[PDB]
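K.L.:
Protein chains in written order, with the entry's author numbering: chain R, 218 to 289; chain S, 218 to 289; chain A, 362 to 433; chain G, 218 to 505; chain P, 506 to 774; chain B, 578 to 721. Let me begin by handing over the structure; questions about it come next.
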């Protein structure tokens, strides 16, 4: 229940951001997440993908922490 | 009292701005919209163009996150 | 860069050198992609701003130190 | 609750500015309006102060344009004219005063005497630069302040100094046009407000560390203020009128031979300040 | 220049300077290809003159000759004439054009008895080593005419130092320079000062010509060297240069490396 | 006064073999430098420890060259240059002064390790060296 409520809170963030301006970047960061975590991948890889996606709360316009994050 | 007064005045300015002849709209933006709709183009290219067109409607005039969209 | 002044007098033009010594990007010959107040165009537009005519004698001094250690 | 508490905190801070409010109630728009006729001021400056008064009639803690306009008026009406610090055209008297900084340094005093003998001998044979102001260069622990203080003592100038070293925003160097708060009259304007004599000594401190996050190089203002043909017309982002700075002397200090923009190599030159030795430190300690 | 400096400091009709004083300022207080240094030097002379005048205007028109210059400047940082230093054992005053002003590459080579090989110091390039090899190859063809023992290559190591880090001209231009340097070092006799040189050496002992004779004729005037050695294949390269550049020079147009060594090697053995 | 923040240990040459004092300067304060050279009989190549630049390499090469020119003037063999690895400790990295300014200091440091005799107390020095065995003038004598 707790390990699923964490992902539920993440989903609530991404779904409320739909109603927020920009429509969650036109439902972006959900295409990446589903294309990662719907195609059959190893579970540890899924988890580390979740972390490496959580690093998308930083600046992106030249900083080497979101361009390389997007590439990864 | 003064802050709520000036807040309502700024809201009046914003509300009248969207109705001020739509000067920002069409002349500085929809010109690119027509050019998408008048070039013999593959279907997927038009789909991507509309996807990146819906990513707009946020002011890149103060945000670098959509100047890349306009140049794209 | 006094020979520039001599030619300028001989042509009744202006004269304004722009030292490129210490330039290692296009963000100083061209400008930063304008997305926020607090960024200039490159050097040539400042040069044309200093003079008041469309026919100066620009002297691109120290063009050999123009280098590139950075992206661009 | 936290957002509302912070909002009430900032609004109560705005309220508790009683001292500023008292000046706005009586001195602003009333005493300042008469201050134009009471003191001698240029005609154009007087009339632009009249517009600045017209920029008033609204609260100064409301629209920041009015706040910065009142700052312009306060830095205008408190800069008088028709007065100047007397000259001492004798290099011997200046050397006599230099004798007691530590001892004169036996080298830098002579370079400053070069600069002074050129200063009194110009195209107008007066204080007009047309030449560098010869920033000092040396270790930061040396008596860099003492040289400027002794020269001001000898030359009879009301010594000043402004914060130009280590800054990162352009409101202590240039300022930005009076249309928003956070843009303030430059520190040179503040020093000119400090005294009415039109020949002060505005020491620029640690120029080698001058920089700013505000893109748009202040080095242009350095070229503007260091050129006497352009320092009379010295404007900034903030200075909307060419403010008459004609007889203002200048001086600067620094502590590194590398961190300096190249547009600060012409109209600017090096004075090397040697470090002190244990014997020199012994003598200066014991005596002063 | 001087009528600008003596107008910077308000010396209108007060200070005069003779030709000798300006020449002293040129050859004793600044050494650079341009005239930027003379601007500041004459400025300092003007400022010191204003100082000395301000503590008393005793003289109506002060003449500054080549004697009272130090009173305004101090100590000559550079030798007045380069013809006064010494002849040195392993010294060959090269010529080059560094983009910061011409200067003479004092290439220094030391010969030490030992294994027999080329020690390559001072950030040589490939071409610099090849030039050293070419100089040794020619010197091997004729050894008894330079006092050397015929087995010198078998047993002598050569330490070669070329200033300016790597090659300053981005190409070999000091062939006969290294030829005379190595010949003196191997013979251990003082090579000649006061004569700069440049060229290309080819293994048959031929001085191939250089590019840009104007630069190799200027960078010896700025350095104060008044006798230059040039390849004969540049004889017609001296028919377009302005007369000012050729003033004061005793140029030895040469074609062999047997006649460059006629000058420098006065002591052969 | 309390605990001495400064020490008189920078007034000494530390008279041990290979140790030498190089005068250096900074435009913001005063300092010095020390060097020690261990002459371990090995492959005869220079091992620099301290992230030193190449300039120290050719300065030591010139010092060894002058040693090799007059081995008989210090009682040294004519072939030990191939056998002595020089292991150098310098607390700082490159020399703050352009090129060698402790060139004679480096020369004596190299010679001490090859002569088994220490340095002289309270005798500092600075200067430039030349491969022919000449000391070049040093600029900025005031700071040095």
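We put the beta carbon where it would ideally sit given N, CA and C, even for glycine.
Would you check if there are 3 or more beta carbon pairs closer than 8 Å linking the segment 268-282 of chain G to the segment 434-445 of chain G?
P.N.:
Judged by Cβ distances under 8 Å, the segment 268-282 of chain G makes no contact with the segment 434-445 of chain G, as fewer than three pairs qualify.
K.L.:
Is it right to say residue 453 of chain G is buried, meaning 16 or more other beta carbons lie within 10 angstroms of its own, or is it exposed?
P.N.:
So residue 453 of chain G counts as buried.
K.L.:
For the 8 Å Cβ check, are there 3 or more pairs between the segment 390-399 of chain G and the segment 418-437 of chain G?
P.N.:
The segment 390-399 of chain G is in contact with the segment 418-437 of chain G.
K.L.:
Taking the beta carbon of residue 406 of chain A as the centre, do at least 16 other beta carbons fall within 10 Å, making it buried, or is it exposed?
P.N.:
Classification of residue 406 of chain A: exposed, given that the 10 Å Cβ count is below 16.
K.L.:
Check residue 660 of chain B in the structure and name its three-state DSSP category.
P.N.:
Reduced to three states, the DSSP call for residue 660 of chain B is coil.
K.L.:
So is residue 391 of chain A in contact with chain S if we call contact Cβ pairs under 8 Å?
P.N.:
Answer no: the Cβ-Cβ gap between residue 391 of chain A and chain S never drops below 8 Å.
K.L.:
Pick helix, strand or coil for residue 767 of chain P, following the three-state DSSP scheme.
P.N.:
Three-state DSSP puts residue 767 of chain P in a helix.
K.L.:
Kindly indicate if chain G contains any beta-carbon less than 8 Å away from that of residue 388 of chain A.
P.N.:
So, not an interface residue.
K.L.:
Which term fits residue 236 of chain R, buried or exposed, when burial requires 16 or more other beta carbons within 10 angstroms of its beta carbon?
P.N.:
With fewer than 16 other Cβ atoms within 10 Å, it is exposed.
K.L.:
Is residue 516 of chain P helix, strand or coil when you go by DSSP?
P.N.:
Reduced to three states, the DSSP call for residue 516 of chain P is coil.
K.L.:
Roughly how many whole angstroms lie between the Cα atoms of residue 238 of chain S and residue 398 of chain G?
P.N.:
Each residue's Cα considered, the two are about 31 Å apart.
K.L.:
What residues of chain B sit near residue 476 of chain G, judged by a beta carbon separation below 9 Å?
P.N.:
Near residue 476 of chain G there are no residues of chain B at all, since even the closest Cβ is about 11 Å away, more than 9 Å.
K.L.:
Work out the CA separation of residue 654 of chain B and residue 693 of chain B for me, nearest whole Å.
P.N.:
Their backbone Cα atoms lie some 14 Å apart in a straight line.
K.L.:
According to DSSP, is residue 499 of chain G helix, strand or coil?
P.N.:
Helix.
K.L.:
Check whether the Cβ of residue 370 of chain A lies closer than 8 Å to any Cβ atom in chain S.
P.N.:
Chain S, which has no Cβ nearer than 8 Å to the Cβ of residue 370 of chain A, makes this no.
K.L.:
Who are the neighbours of residue 394 of chain A on chain S, taking C-beta pairs under 7 Å?
P.N.:
Simply 284.
K.L.:
For residue 611 of chain B, list the residues DSSP reports as bridge partners.
P.N.:
B/598.
K.L.:
Curious, which full-length beta strand (DSSP E) runs of at least 3 residues does the segment 622-663 of chain B contain?
P.N.:
List check, beta strand (DSSP E) in window: 623-626.
K.L.:
Does residue 680 of chain P come out as helix, strand or coil in the three-state DSSP assignment?
P.N.:
Note: residue 680 of chain P maps to helix in three-state DSSP.
K.L.:
Check distances from the C-beta atoms of the segment 544-576 of chain P to those of chain G and list, in chain order, the residues that come in under 9 Å.
P.N.:
Cβ contacts with chain G: 545, 548, 549, 551, 552, 553, 554, 555, 556, 557, 558, 559 and 560.
K.L.:
Excluding the 5 residues preceding and the 5 following residue 445 of chain G in the sequence, name in chain order all residues of the same chain whose CB lies nearer than 8 Å to its CB.
P.N.:
Closer than 8 Å at the Cβ level, and outside the excluded window around residue 445 of chain G, lie 345, 346, 347 and 463.
K.L.:
CA-CA distance, residue 737 of chain P and residue 681 of chain B?
P.N.:
Using only the alpha carbons, I get a separation of about 43 Å.
K.L.:
Answer with yes or no whether the minimum CB distance from residue 287 of chain G to chain A is below 8 Å.
P.N.:
No, no contact with chain A.
K.L.:
Applying the criterion that 16 or more other CB atoms from any shown protein chain within 10 Å of the CB defines a buried residue, is residue 431 of chain A buried or exposed?
P.N.:
That one is exposed.
K.L.:
Would residue 355 of chain G and residue 491 of chain G be called neighbours here (beta carbons separated by less than 8 Å)?
P.N.:
Contact flag set, yes.
K.L.:
Once the 5 residues before and after residue 592 of chain B are set aside, which same chain residues still bring their CB inside 8 Å of it?
P.N.:
Excluding sequence neighbours, residue 592 of chain B sits near 695, 696, 697 and 698.
K.L.:
Taking 8 Å as the threshold (C-beta atoms), are residue 595 of chain P and residue 643 of chain P in contact?
P.N.:
It is not a contact, given that the beta carbons lie outside the stated cut-off.
K.L.:
Tell me which same chain residues have a C-beta within less than 8 Å of the C-beta of residue 683 of chain B, skipping the five on either side of it?
P.N.:
Cβ neighbours of residue 683 of chain B beyond the five flanking positions: 597, 599, 612, 633, 636, 637, 640, 677 and 706.
K.L.:
Span of the alpha helix (DSSP H) holding residue 557 of chain P?
P.N.:
Where residue 557 of chain P is concerned, the enclosing alpha helix (DSSP H) stretches over 541-559.
K.L.:
DSSP three-state label for residue 705 of chain P, please.
P.N.:
The answer is strand: DSSP assigns residue 705 of chain P an E or B state.
K.L.:
Any chance you could list the alpha helix (DSSP H) runs of at least 4 consecutive residues sitting entirely within the segment 253-308 of chain G, in chain order?
P.N.:
Listed in chain order, the complete alpha helix (DSSP H) runs (minimum 4 residues) inside the segment 253-308 of chain G are 260-271 and 281-294.
K.L.:
Between which two residues does the beta strand (DSSP E) holding residue 354 of chain G run?
P.N.:
Counting along the chain, the beta strand (DSSP E) containing residue 354 of chain G begins and ends at 352-354.
K.L.:
Residue 271 of chain S touches chain R at which residues, Cβ-Cβ below 7 Å?
P.N.:
243, listed in chain order.
K.L.:
Could you tell me whether the Cβ atoms of residue 322 of chain G and residue 308 of chain G are closer together than 8 Å?
P.N.:
Contact flag unset, no.
K.L.:
Using a cut-off of 7 Å between C-beta atoms, extract the partners of residue 484 of chain G located in chain A.
P.N.:
Per Cβ cutoff of 7 Å: no residues; residue 484 of chain G is ~15 Å from chain A at best.
K.L.:
Are residue 383 of chain G and residue 423 of chain G touching if we call contact CB-CB under 8 Å?
P.N.:
Yes, these two residues count as a Cβ contact at 8 Å.
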